[PDB]
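First, one chain by itself: the form deposited in one PDB entry, in structure tokens.
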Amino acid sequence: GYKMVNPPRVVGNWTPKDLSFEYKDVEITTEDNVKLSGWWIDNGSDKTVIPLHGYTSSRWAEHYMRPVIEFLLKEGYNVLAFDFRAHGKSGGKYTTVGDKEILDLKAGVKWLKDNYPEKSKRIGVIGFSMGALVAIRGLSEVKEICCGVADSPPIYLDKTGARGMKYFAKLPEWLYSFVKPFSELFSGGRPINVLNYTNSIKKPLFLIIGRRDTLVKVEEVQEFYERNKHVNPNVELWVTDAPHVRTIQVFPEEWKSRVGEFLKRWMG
């Protein structure tokens, strides 16, 4: 098998300045002494939203991070966007499962409270794909987070891995060898699912799943929904017409609308 893996480390070439917003390059240190790299975008607000990227990307993720950051800033929110450990410019050598990414979220929140408590009286999180798993876990283990949005969160990580390799079946083995060390890590069933936090989450959660997501099924997300419904009356579910994490681009107006009113309701 595979002991430790890490997806290709990527860095984009756009800054909040390209969105006509000023920002600061900050450095957050986790409790296990890992140095994270990120952006602190002061928007003159008391509310801060933290976007969380997926397994293979970074804070620069052109397909959802850049649109969501521009969206949050124009709504008037402060934004803290950092690369997860072993991603982008952040510290750390191996991602593997990414179970320690919750520590990155804790450090980021703690950093906000320690340096800018007036700018983070309300803190929300938005996660995409694997980043949604961290955001979901954040609502359960991080008390300062008041609300969270989970876009396309893999419920059963093992099934998600097996559904991914099907697109490599008709293709040469050299192509599947790229993702094989990563797909086999989740297919075994060792990493913890988000179903683990269905009884511990008592905060507003916005679940977004695509009707055409072939990696994550709606009914799998619906299972998480009414599991948590017993404990949390503020969990919402929106079924979209987009594939995996593509809603924010393919249906941008409807995304910004529903997410906008979710945040507007729970961010104070």
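One rule holds for the numbers: they count along the sequence shown, beginning at 1. In this text, the rigid core denotes the largest set of C-alpha atoms whose superposition between the two forms falls within 1.5 Å.
What comes next is about the form deposited in another entry, which is not displayed.
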| item | value |
| --- | --- |
| Core-fitted Cα difference of 2 Å or more between this form and the one not shown, single residue among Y116, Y197, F168, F71 | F168 |
| Flag for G88, CA shift 2 Å or larger between this form and the one not shown after aligning core | no |
| Threshold 2 Å Cα movement between this form and the one not shown at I102, rigid core reference | no |
| Threshold 2 Å Cα movement between this form and the one not shown at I145, rigid core reference | no |
| Outcome for the Cα pair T56, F178 in the other form, compared with this form (closer or farther; change of 3 Å or more) | farther |
| In the other form, whether the C-alpha atoms of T56 and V179 sit closer or farther than here (change of 3 Å or more) | farther |
